[PDB]
Amino acid sequence: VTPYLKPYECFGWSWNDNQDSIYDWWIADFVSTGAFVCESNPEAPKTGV
Amino acid sequence: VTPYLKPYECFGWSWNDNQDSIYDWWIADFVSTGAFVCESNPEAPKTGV
Amino acid sequence: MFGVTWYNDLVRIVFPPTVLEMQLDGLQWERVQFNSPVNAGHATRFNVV
């Protein structure tokens, strides 16, 4: 069951399928850090377009 | 675990630390009563300011 | 010159190249324990705002 969570935090879970009923769950909360976090840092704008 | 609750109601709990796993929890709901509830009723504005 | 701020939990950690901004929900800071090195040539200096 998904838990109750803060109105702008974010929930995901995984790791069933190990012949018992334990699992990992996580909460991201996205609280106004201002440093964006993401894969694939941007390369370059091609100049002259 | 905090329960699910109405979108403008308000949850708090207390009273662990008694060598068993019982506790008290409460829900305020803040539903448009118009009578504000708070400590320290206001004294007086100083006149002439 | 550098410093930090935490006015209404807008925790900046500034340095003349770069800043670091955070906001934390369960945060509030009110106490400052400055300490100094053992000896400075002129007067070393600190300011709580």
# chains A, B, ... in the order shown; residues from 1 in each chain; ligands from 1
call {"tool": "calpha_fit_and_write", "arguments": {"fixed": "chain A", "moving": "chain B", "output": "tab-separated table (two decimals) with N, CA and C atoms, in the first residue's frame"}}
result
chain	number	residue	atom	x	y	z
B	1	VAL	N	0.86	-1.17	0.00
B	1	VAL	CA	0.00	0.00	0.00
B	1	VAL	C	0.90	1.23	0.00
B	2	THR	N	0.61	2.16	-0.90
B	2	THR	CA	1.31	3.44	-0.88
B	2	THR	C	0.97	4.21	0.40
B	3	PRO	N	1.96	4.81	1.04
B	3	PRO	CA	1.68	5.60	2.24
B	3	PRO	C	1.17	6.99	1.89
B	4	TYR	N	0.57	7.63	2.89
B	4	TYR	CA	0.30	9.06	2.77
B	4	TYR	C	1.62	9.81	2.72
B	5	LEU	N	1.62	10.90	1.96
B	5	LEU	CA	2.84	11.60	1.66
B	5	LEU	C	2.52	13.07	1.42
B	6	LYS	N	3.53	13.91	1.65
B	6	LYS	CA	3.41	15.35	1.56
B	6	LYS	C	2.97	15.76	0.15
B	7	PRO	N	2.21	16.86	0.02
B	7	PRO	CA	1.49	17.11	-1.24
B	7	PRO	C	2.37	17.39	-2.44
B	8	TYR	N	3.66	17.67	-2.26
B	8	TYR	CA	4.56	17.78	-3.40
B	8	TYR	C	5.81	16.95	-3.18
B	9	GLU	N	5.65	15.78	-2.58
B	9	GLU	CA	6.68	14.75	-2.56
B	9	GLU	C	6.20	13.55	-3.37
B	10	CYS	N	7.14	12.65	-3.66
B	10	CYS	CA	7.00	11.75	-4.79
B	10	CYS	C	7.48	10.36	-4.41
B	11	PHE	N	6.67	9.34	-4.70
B	11	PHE	CA	6.85	7.99	-4.17
B	11	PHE	C	7.10	6.98	-5.27
B	12	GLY	N	8.05	6.09	-5.03
B	12	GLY	CA	8.25	4.93	-5.89
B	12	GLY	C	8.82	3.79	-5.08
B	13	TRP	N	8.62	2.58	-5.58
B	13	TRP	CA	9.08	1.39	-4.87
B	13	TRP	C	9.45	0.32	-5.88
B	14	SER	N	10.10	-0.73	-5.39
B	14	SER	CA	10.55	-1.81	-6.25
B	14	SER	C	10.82	-3.05	-5.41
B	15	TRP	N	11.44	-4.03	-6.05
B	15	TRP	CA	12.06	-5.20	-5.42
B	15	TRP	C	11.04	-6.07	-4.70
B	16	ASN	N	10.09	-6.56	-5.48
B	16	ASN	CA	9.40	-7.80	-5.16
B	16	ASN	C	10.17	-8.94	-5.82
B	17	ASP	N	9.53	-10.11	-5.96
B	17	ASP	CA	10.03	-11.27	-6.71
B	17	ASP	C	11.33	-11.80	-6.09
B	18	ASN	N	11.28	-12.08	-4.79
B	18	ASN	CA	12.38	-12.72	-4.10
B	18	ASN	C	11.87	-13.76	-3.12
B	19	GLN	N	10.69	-14.31	-3.40
B	19	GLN	CA	10.06	-15.42	-2.68
B	19	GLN	C	9.77	-15.09	-1.22
B	20	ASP	N	9.67	-13.80	-0.90
B	20	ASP	CA	9.11	-13.32	0.35
B	20	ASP	C	8.55	-11.92	0.10
B	21	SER	N	7.85	-11.39	1.09
B	21	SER	CA	7.03	-10.20	0.88
B	21	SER	C	7.68	-8.94	1.43
B	22	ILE	N	8.99	-8.82	1.27
B	22	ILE	CA	9.71	-7.60	1.59
B	22	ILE	C	10.07	-6.89	0.29
B	23	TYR	N	10.37	-5.60	0.42
B	23	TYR	CA	10.48	-4.70	-0.71
B	23	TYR	C	11.18	-3.44	-0.25
B	24	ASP	N	11.67	-2.68	-1.22
B	24	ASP	CA	12.24	-1.36	-0.98
B	24	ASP	C	11.31	-0.29	-1.53
B	25	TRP	N	11.10	0.76	-0.75
B	25	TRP	CA	10.33	1.90	-1.20
B	25	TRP	C	11.09	3.17	-0.91
B	26	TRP	N	10.80	4.22	-1.68
B	26	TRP	CA	11.50	5.48	-1.51
B	26	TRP	C	10.58	6.66	-1.73
B	27	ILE	N	10.96	7.79	-1.14
B	27	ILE	CA	10.24	9.06	-1.23
B	27	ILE	C	11.22	10.13	-1.67
B	28	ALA	N	11.00	10.69	-2.84
B	28	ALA	CA	11.62	11.95	-3.22
B	28	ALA	C	10.69	13.06	-2.80
B	29	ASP	N	11.25	14.22	-2.44
B	29	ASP	CA	10.40	15.27	-1.92
B	29	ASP	C	10.43	16.58	-2.68
B	30	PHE	N	11.45	16.81	-3.51
B	30	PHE	CA	11.47	17.88	-4.52
B	30	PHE	C	11.36	19.28	-3.91
B	31	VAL	N	11.95	19.48	-2.74
B	31	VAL	CA	11.72	20.71	-2.00
B	31	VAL	C	12.72	21.81	-2.35
B	32	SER	N	12.41	22.55	-3.43
B	32	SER	CA	12.89	23.91	-3.75
B	32	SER	C	14.40	24.10	-3.60
B	33	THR	N	15.14	23.05	-3.95
B	33	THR	CA	16.59	23.09	-3.81
B	33	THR	C	17.21	24.01	-4.85
B	34	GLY	N	16.59	24.10	-6.03
B	34	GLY	CA	17.09	24.95	-7.08
B	34	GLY	C	18.20	24.35	-7.90
B	35	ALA	N	18.84	23.29	-7.42
B	35	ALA	CA	19.79	22.51	-8.19
B	35	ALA	C	19.04	21.35	-8.79
B	36	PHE	N	18.81	21.40	-10.09
B	36	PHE	CA	18.08	20.37	-10.80
B	36	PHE	C	18.96	19.14	-10.90
B	37	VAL	N	18.36	17.97	-10.76
B	37	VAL	CA	19.10	16.73	-10.81
B	37	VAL	C	18.57	15.84	-11.92
B	38	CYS	N	19.46	15.45	-12.84
B	38	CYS	CA	19.09	14.72	-14.04
B	38	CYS	C	20.30	14.16	-14.76
B	39	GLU	N	20.06	13.09	-15.51
B	39	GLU	CA	21.05	12.52	-16.39
B	39	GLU	C	21.31	13.44	-17.57
B	40	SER	N	22.42	13.16	-18.26
B	40	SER	CA	22.73	13.67	-19.59
B	40	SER	C	22.81	15.20	-19.61
B	41	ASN	N	23.86	15.71	-18.96
B	41	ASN	CA	24.21	17.12	-19.00
B	41	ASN	C	24.30	17.64	-20.43
B	42	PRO	N	23.82	18.86	-20.69
B	42	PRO	CA	23.60	19.29	-22.08
B	42	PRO	C	24.91	19.61	-22.79
B	43	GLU	N	24.97	19.25	-24.07
B	43	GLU	CA	26.25	19.30	-24.77
B	43	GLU	C	26.62	20.72	-25.17
B	44	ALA	N	25.90	21.28	-26.14
B	44	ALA	CA	26.21	22.57	-26.73
B	44	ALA	C	25.11	22.96	-27.69
B	45	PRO	N	24.73	24.21	-27.74
B	45	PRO	CA	23.91	24.67	-28.85
B	45	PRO	C	24.77	24.84	-30.08
B	46	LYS	N	24.33	24.34	-31.23
B	46	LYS	CA	25.09	24.60	-32.44
B	46	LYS	C	24.92	26.07	-32.82
B	47	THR	N	26.04	26.74	-32.99
B	47	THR	CA	26.04	28.17	-33.22
B	47	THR	C	25.61	28.48	-34.64
B	48	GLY	N	25.03	29.65	-34.83
B	48	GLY	CA	24.61	30.06	-36.15
B	48	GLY	C	23.29	29.49	-36.60
B	49	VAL	N	22.46	29.02	-35.68
B	49	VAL	CA	21.12	28.55	-36.00
B	49	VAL	C	20.16	29.32	-35.12
call {"tool": "select_by_dssp", "arguments": {"residues": "chain C", "states": "strand (DSSP E)", "output": "ChimeraX atom specification"}}
result
/C:3-5,10-14,21-23
call {"tool": "write_last_selection", "arguments": {"atoms": "N, CA, C and O atoms", "output": "mmCIF file, in the first residue's frame"}}
result
data_model
loop_
_atom_site.group_PDB
_atom_site.id
_atom_site.type_symbol
_atom_site.label_atom_id
_atom_site.label_comp_id
_atom_site.auth_asym_id
_atom_site.auth_seq_id
_atom_site.Cartn_x
_atom_site.Cartn_y
_atom_site.Cartn_z
ATOM 1 N N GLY C 3 29.807 34.475 3.155
ATOM 2 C CA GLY C 3 28.929 34.309 4.293
ATOM 3 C C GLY C 3 27.884 33.257 4.017
ATOM 4 O O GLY C 3 27.952 32.529 3.030
ATOM 5 N N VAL C 4 26.925 33.166 4.933
ATOM 6 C CA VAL C 4 25.740 32.337 4.764
ATOM 7 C C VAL C 4 24.533 33.150 5.206
ATOM 8 O O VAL C 4 24.656 34.155 5.903
ATOM 9 N N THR C 5 23.353 32.723 4.759
ATOM 10 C CA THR C 5 22.091 33.275 5.232
ATOM 11 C C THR C 5 21.151 32.121 5.512
ATOM 12 O O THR C 5 21.306 31.034 4.961
ATOM 13 N N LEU C 10 15.668 30.117 3.673
ATOM 14 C CA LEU C 10 16.248 30.247 2.342
ATOM 15 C C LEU C 10 17.757 30.196 2.544
ATOM 16 O O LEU C 10 18.451 31.209 2.551
ATOM 17 N N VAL C 11 18.263 28.984 2.760
ATOM 18 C CA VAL C 11 19.634 28.808 3.227
ATOM 19 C C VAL C 11 20.568 28.982 2.035
ATOM 20 O O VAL C 11 20.700 28.092 1.195
ATOM 21 N N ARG C 12 21.213 30.138 1.956
ATOM 22 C CA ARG C 12 22.245 30.400 0.969
ATOM 23 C C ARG C 12 23.603 30.214 1.618
ATOM 24 O O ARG C 12 23.789 30.529 2.795
ATOM 25 N N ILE C 13 24.544 29.678 0.854
ATOM 26 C CA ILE C 13 25.924 29.524 1.287
ATOM 27 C C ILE C 13 26.740 30.164 0.179
ATOM 28 O O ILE C 13 27.042 29.520 -0.832
ATOM 29 N N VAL C 14 27.074 31.435 0.342
ATOM 30 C CA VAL C 14 27.618 32.224 -0.750
ATOM 31 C C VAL C 14 29.131 32.248 -0.655
ATOM 32 O O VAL C 14 29.709 32.124 0.431
ATOM 33 N N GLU C 21 22.042 27.413 -2.958
ATOM 34 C CA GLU C 21 20.739 27.694 -2.380
ATOM 35 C C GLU C 21 20.070 26.396 -1.946
ATOM 36 O O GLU C 21 20.175 25.375 -2.628
ATOM 37 N N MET C 22 19.408 26.440 -0.790
ATOM 38 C CA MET C 22 18.549 25.364 -0.319
ATOM 39 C C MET C 22 17.338 25.968 0.369
ATOM 40 O O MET C 22 17.391 27.098 0.858
ATOM 41 N N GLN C 23 16.245 25.216 0.387
ATOM 42 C CA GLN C 23 15.147 25.437 1.317
ATOM 43 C C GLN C 23 14.836 24.113 1.987
ATOM 44 O O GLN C 23 14.705 23.089 1.310
#
call {"tool": "closest_residue", "arguments": {"among": "C:24, C:1, C:15, C:6", "to": "chain A", "atoms": "only C-alpha atoms"}}
result
C:24
call {"tool": "atom_distance", "arguments": {"atom1": "atom CA of residue C:2", "atom2": "atom CA of residue C:48"}}
result
12.4 Å
call {"tool": "closest_residue", "arguments": {"among": "C:8, C:16, C:26, C:32", "to": "residue C:49", "atoms": "only C-alpha atoms"}}
result
C:32
call {"tool": "atom_distance", "arguments": {"atom1": "atom CA of residue C:35", "atom2": "atom CA of residue C:17"}}
result
24.1 Å
